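Below is one structure, written out as structure tokens; comments come after it.
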Amino acid sequence: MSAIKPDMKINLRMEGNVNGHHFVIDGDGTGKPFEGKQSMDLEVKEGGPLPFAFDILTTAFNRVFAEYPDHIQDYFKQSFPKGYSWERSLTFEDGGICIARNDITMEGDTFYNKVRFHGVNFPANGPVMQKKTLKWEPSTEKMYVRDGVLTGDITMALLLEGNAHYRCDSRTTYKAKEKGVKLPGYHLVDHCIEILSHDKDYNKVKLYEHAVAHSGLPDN
Amino acid sequence: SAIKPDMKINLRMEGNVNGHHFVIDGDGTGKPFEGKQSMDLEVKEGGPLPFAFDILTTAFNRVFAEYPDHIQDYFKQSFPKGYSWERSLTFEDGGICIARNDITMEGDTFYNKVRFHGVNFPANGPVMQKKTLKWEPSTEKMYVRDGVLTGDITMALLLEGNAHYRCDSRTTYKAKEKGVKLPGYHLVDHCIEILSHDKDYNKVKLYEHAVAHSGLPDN
Amino acid sequence: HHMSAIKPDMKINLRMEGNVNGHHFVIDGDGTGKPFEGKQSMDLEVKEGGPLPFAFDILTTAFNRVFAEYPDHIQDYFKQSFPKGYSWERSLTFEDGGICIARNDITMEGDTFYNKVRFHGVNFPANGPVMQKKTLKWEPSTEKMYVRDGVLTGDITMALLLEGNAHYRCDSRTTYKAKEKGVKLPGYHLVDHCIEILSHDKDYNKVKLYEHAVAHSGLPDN
Amino acid sequence: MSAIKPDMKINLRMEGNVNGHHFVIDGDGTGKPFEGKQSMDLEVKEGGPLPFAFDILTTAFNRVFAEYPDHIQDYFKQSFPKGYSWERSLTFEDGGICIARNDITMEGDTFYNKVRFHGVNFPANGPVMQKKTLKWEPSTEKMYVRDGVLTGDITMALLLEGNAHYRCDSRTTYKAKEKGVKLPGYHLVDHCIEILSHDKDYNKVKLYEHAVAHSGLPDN
Ligand SMILES: O=S([O-])[O-]
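Protein chains in written order, with the authors' numbering: chain D, 1 to 61, 65 to 223; chain B, 2 to 61, 65 to 223; chain C, -1 to 61, 65 to 223; chain A, 1 to 61, 65 to 223.
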């Protein structure tokens, strides 16, 4: 009833502004929604080289690519073909704050992603502006309903040079476009996002993501 | 030098709160040295706004604050070239807004390019339900962090029914010209009010009064 | 690096003294567990301050990461911290302003872990779910373990299930410190947790608690 | 007739534990409730010399001593002779968290303060454990009612050696012991606290505080 196919293309356009620097990044990728895997090639079309760590944008670069077991309601796959949208806040431990949105629509075998990303108050000597990030660590999103809306909260951490970490708290709210899509119960979503390759200045990046929903111990 | 006793304000805000895009124009006047400014606002697009207009109002210029002679006035020292600010508002129910302003001057007019984005406001909360009455008067705590003037504020919106809605504000302020000397720690008292509005806030008259001081016992 | 003297089956002796919103209480615990299976359980008895005027659940995460199953590719700080032991301190920040801090000093004698627990909580609203006892249980969660300023630290996004099927969020931060020199710090990893009140009397003066915890490295290898 | 006299004495005993270090501090002071001023001599009875910055304890060492104007209800002066108590959390930007409680009663011309202070999760290399604090900057408490209880929130900042600042957010709830003390409307309370003198290791400290409530601008 979704018309979500086992192999899907992804078409993404993101425009943003972090600390006054405007950028536009295009993505073209492919994914396996039922396998919870996606990858994409990204190109900074405007505003490169980015004066800040590319990693902070990468979670903005679609929970339709999360493997859901049968015992958990899969709000995202049930949201199609009309699609859904999300809004997120990323609160970093040094006061940097970003918000992002994405409206996901599907035409055929392609998801289209309209992504906006704005960040403010990153310290000049912090690891984001000084590009000291190495990767996001694997994380687990906590998904619950609040005020009739599916919401995901995650304790996230960017690995830095020296193997220090930089903490970020994210909150995302997810909203099906079509009315009456059934909200899931509380669950967890394991995430692992990775930049597989990049040019020296991150004007081109290959990004990979793997996400699996589960109900926690003892069952997972 | 740059800043005259009476001064005009031209503002354009583009925003998106909870996915609703809007554009608001502002034409105003103030007295920088008395720390008072007033502005007429017209929602040019996205009207009527589906959310509390009050959340936008602190984004609608610290050059309009009365600084006393004993405290360095970074804002007036930033002109003619001007300065910019970036702000996050973290509301107690998870709603978060970020805003930027780039302020420039030509002649007797300040030009404000304002952007405002808000996400994650709950549908039955006072913001989406428009249950706000006003920002309470507040005090900004101004300090330097990582070489940047920063202002933090414990803010509270009065709601219908006499409850309050808490927000924490952090603003960073940056002069465009290199070498503007940063102030030491100080406070800025703020009072913002909507003086009038039409029923759906497509037109609003806004007024703000701000005074910088060094706290007790000398304030 | 050395023999821990941690046996596959251990006893637990716990004494907690605390104050939440001005109400003092003392709670004693006797339990047993399997450190290598990451499972433990204990019978708790409120020794005074009973019956508690707040939700018992907020105390439960304070009632030992030595009971967590670690795979051998993740360094297990807690088991190596024995025989001498370790201590932790923790803050719980609840979404409505309630804030708790808690400390445990853990030692081992023979086949028994001894836990000296303190718990202090302030600013919970009178009509909030903690003070009105509207909580059902903690949801399963995942702690993110990492080294922060040279100290092993775990941060958790937690949520209490309430009556009416709402959730009440809490953020926890715990610092863990071995008592002896030479304990190797682990790299970033995750710890799945699930805690549950198995049974209780009407006023929670008596409670049976169980916990299961498993360490892992996240996707793709978990 | 009034329980609040123009010249009052203060008797205080604090017991605390910060980062596992236990301590007991006794305080003997005087103040002028109507002028919003008080001072106290403190002596560390147990656990001295303290291994952390004494300044973090100082706001725990009574809003009875705040000058309130006629047009703002003075909850604190109206709470006596029976008294009131407060509970507070101090959330420092580097993860240190302190909670404190004070139960204040009165006998004759003396206030009795039973204070408890606990802190956890201060980093070894941070300004509290390294004793790099110089003072609390002057601040303004925002006072409002929430769920029937008078609550005060403050954006606070410790000046550090080197002219940096260390941020702390505090929230305090205040509750009269008598039923029927009328809650105030929203208002502000300016505070300044200062250590007037101390011995090298802070085993003896003289502390002073001045507080004035007001309605904000325009008025004052
Ligand atoms: O993991 S549960 O069964 O406590």
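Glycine included, every Cβ here is placed at the ideal spot set by N, Cα and C.
Contact residues of ligand 1 (beta-carbon closer than 6 Å to any heavy atom; chain order) are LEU220/D, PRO221/D, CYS195/C, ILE196/C, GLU197/C, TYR211/C, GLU212/C and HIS213/C. Annotation: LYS117/B is outside any alpha helix (DSSP H); the continuous beta strand (DSSP E) that includes it extends over 113 to 123.
The C-beta distance from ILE75/D to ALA216/D rounds to 5 Å, short enough to meet the 8 Å contact threshold. Using a Cβ-Cβ cut-off of 8 Å, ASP172/D does not count as an interface residue toward chain B, since no Cβ of chain B sits closer than that to its own. Pairing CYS195/D with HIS168/D gives a Cβ-Cβ distance that is not under 8 Å. Residues are counted here when their Cβ sits less than 8 Å from a Cβ of chain A; for the stretch 69 to 95 of chain C these are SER88, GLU90, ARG91, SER92 and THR94, given in chain order. DSSP assignment within the stretch 137 to 178 of chain A yields no whole alpha helix (DSSP H) run of 4 residues or more. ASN105/A is positioned such that its CB atom lies closer than 8 Å to that of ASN116/A. With contacts defined as CB atoms closer than 8 Å, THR113/B and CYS171/B fail to qualify as a contacting pair.
Rounded to whole angstroms, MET109/D and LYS138/D show a C-alpha spacing of 29 Å. Taken in chain order, the unbroken stretches of beta strand (DSSP E) that lie wholly in the stretch 85 to 111 of chain B and span 3 residues or more are 87 to 95 and 100 to 110. Nearest C-alpha to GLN38/C among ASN223/C, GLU140/C and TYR211/C: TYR211/C.
Ranking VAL118/C, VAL131/C, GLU140/C and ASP150/C by CA distance to the CA of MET132/A puts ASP150/C first. DSSP, reduced to helix, strand and coil, places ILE56/D within a helical segment of the structure shown. Judged by DSSP secondary structure, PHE34/B falls outside any beta strand (DSSP E); it is assigned neither H nor E.
Interface criterion not met: the Cβ of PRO130/D is under 8 Å from no Cβ in chain B.
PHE83/B and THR154/C have their C-alpha atoms roughly 47 Å apart. When Cβ-Cβ separations below 8 Å define contact, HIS194/C makes contact with chain D. Contact check for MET146/B and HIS190/B: beta-carbon distance about 5 Å, within the 8 Å limit, so the pair qualifies. Within the DSSP bridge table, the entry for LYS9/D names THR30/D and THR113/D as partners.
Here the C-alpha atom of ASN65/C lies approximately 53 Å from the C-alpha atom of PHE79/B. Annotation for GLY219/B: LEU191 place their beta carbon closer than 7 Å to its own, counting only its chain and skipping 5 residues before and after.
Chain C places a beta carbon closer than 8 Å to that of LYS145/D, counting this residue as a contact. If you look at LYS80/C, you'll find it in the alpha helix (DSSP H) that goes 78 to 81.
A buried status is given to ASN223/B, since no fewer than 16 other beta-carbon atoms sit within 10 Å of its beta-carbon. It is roughly 51 Å from the alpha-carbon of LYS45/B to the alpha-carbon of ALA103/A.
Following the DSSP letters along the chain, one finds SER218/A in no beta strand (DSSP E), marked with neither H nor E. In the DSSP assignment, no residue is bridged to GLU181/D. Inter-residue distance for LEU186/B and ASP55/D is about 32 Å (C-alpha atoms, whole angstroms). Cβ neighbours of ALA69/C within its own chain (closer than 6 Å, five residues either side excluded): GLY36, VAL192, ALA214 and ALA216. Shown here, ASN128/B sits in coil according to DSSP, grouped into three states, outside any helix or strand. For chain D, none of the residues of the stretch 209 to 222 of chain B brings a beta carbon within less than 9 Å of one of its beta carbons.
For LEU199/C, the enclosing beta strand (DSSP E) has its first and last residue at 190 to 201. When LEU163/B, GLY188/B, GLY165/B and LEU162/B are compared, the shortest CA-CA separation from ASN166/A is found for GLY188/B.
Nearest to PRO6/B by C-alpha distance, out of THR176/B, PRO33/B and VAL152/B, is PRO33/B.
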